[PDB]
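First, one chain by itself: the form solved without the DNA, in structure tokens.
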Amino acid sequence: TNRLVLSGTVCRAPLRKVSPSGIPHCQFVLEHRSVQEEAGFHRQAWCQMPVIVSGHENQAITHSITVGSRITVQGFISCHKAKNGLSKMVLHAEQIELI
């Protein structure tokens, strides 16, 4: 099992492109903030989660998203070795809601 459902606000301009092999992809960052109850305590959960929406199916849906847009994404997480060398945890969207 690998399923993450996360809501947040797009905090970085959506980078749209198509792979040299014809794969449409949209990348952006999702900023999440919430109050969480853990072991009886109230703590804040926060993260700026990189999100990638690949494939023709979800490309149109993203057109409505820009910096400031609030969305809820469902997909799987996976780690990637960025150019910075460090490891980058990113959410591969399978589903996206615009409100």
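Shifts are known only where both forms have a C-alpha. A residue's number is simply how far along the shown sequence it sits, counting from 1. In this text, rigid core is short for the largest set of C-alphas that superpose within 1.5 Å between two forms.
Of the other structures of this protein that model both sides of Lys81, a third or more give it no coordinates. As listed in the deposited structure, the average C-alpha B-factor of 54-62 and of 32-40 is greater for 54-62. When 5-13 is weighed against 78-86, 78-86 comes out higher, by mean CA B-factor as recorded in the entry.
The same protein has a further form, the form solved in complex with the DNA, not shown here; the description that follows concerns it.
Taking the partner from elsewhere, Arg33 is found to have a heavy atom lying within 4.5 Å of the DNA in the entry with it bound. The closest heavy atom approach of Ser64 to the DNA in the entry with it bound falls outside 4.5 Å. Only one entry in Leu15, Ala82, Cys79, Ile23 has its C-alpha moved by 2 angstroms or more between this form and the one not shown when the rigid core is superposed, and that entry is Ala82. Look at the core-aligned forms between this form and the one not shown and you find a single run of 3 or more residues with C-alpha shifts of 2 angstroms or more, at 80-87.
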